[PDB]
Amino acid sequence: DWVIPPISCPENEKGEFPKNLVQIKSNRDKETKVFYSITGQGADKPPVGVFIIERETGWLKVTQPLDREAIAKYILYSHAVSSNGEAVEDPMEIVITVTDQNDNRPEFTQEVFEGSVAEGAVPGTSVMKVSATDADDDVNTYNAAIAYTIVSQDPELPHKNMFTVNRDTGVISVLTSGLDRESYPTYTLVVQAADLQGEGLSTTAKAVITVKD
């Protein structure tokens, strides 16, 4: 059977609703007056009424802004019924794909990460790892591509850049020498996670490093 390929519809649509997606048609339009309807999740099943269809023209419409992180794909079924009340077609499967917008900030797995390092650890020694997730599309876009940075260091002694972070993995390492437990035993690093490879939306968390003997 001839069918419509999956329809792509962007999430967070702005403006006037409803918006047209595609028009369906039964070739038995000539034989009899045909009326169109839709069933399935997104139509008559939860969430109800997100998609509607014009009964006479066959225009499939969307009634509200979509959220890809709530529902990313819809499977509907179109129906064709004559004025006499007989179904003139077998129900057609209609797929609606929701396409991504960068509307989710990266989120750290927890607010405070804790770590420790030996005082005499050589520069380049891995200490700890911070991690973040992103709810956006990590398959099609860079909307979930997280880059890690260090925003600030407290205290800024003996130098303000005692540690560094790997922007891909989130691993925090000793950058320079001069760590000293009996001078400055604790460091609070404010770490940032930004999507779009570092260019987009961002969030911050804390990395608390304790200096050991």
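From 1 onward, residues are counted along the sequence shown.
Asks: So which stretch wins on mean C-alpha B-factor, 44-52 or 181-189?
Replies: That would be 44-52.
Asks: Please work out which of 122-130 and 85-93 has the higher mean CA B-factor as recorded in the PDB entry.
Replies: Mean C-alpha B-factor is greater for 85-93.
Asks: Just to confirm, going by the entry's C-alpha B-factors, which of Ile150, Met162, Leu66, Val171 comes out highest?
Replies: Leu66 has the highest C-alpha B-factor of those listed.
Asks: Can you tell me which third, lowest, middle or highest, the CA B-factor of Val208 falls into for its chain?
Replies: For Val208, whose C-alpha B-factor we compare with every modelled residue in the chain, the answer is the lowest third.
Asks: Taking the entry's C-alpha B-factors for this chain, is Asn143 in the lowest, middle or highest third?
Replies: Middle third of the chain for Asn143's C-alpha B-factor.
Asks: Among the modelled residues of its chain, does the C-alpha B-factor of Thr176 lie in the lowest, middle or highest third?
Replies: Ranked within chain, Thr176 CA B lands in the lowest tercile.
Asks: Sorting the chain's CA B-factors, does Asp103 end up in the lowest, middle or highest third?
Replies: Ranked within chain, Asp103 CA B lands in the highest tercile.
Asks: Once the chain's modelled residues are ordered by C-alpha B factor and cut into thirds, is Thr39 in the lowest, middle or highest one?
Replies: According to the entry, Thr39 has a C-alpha B-factor in the chain's middle third.
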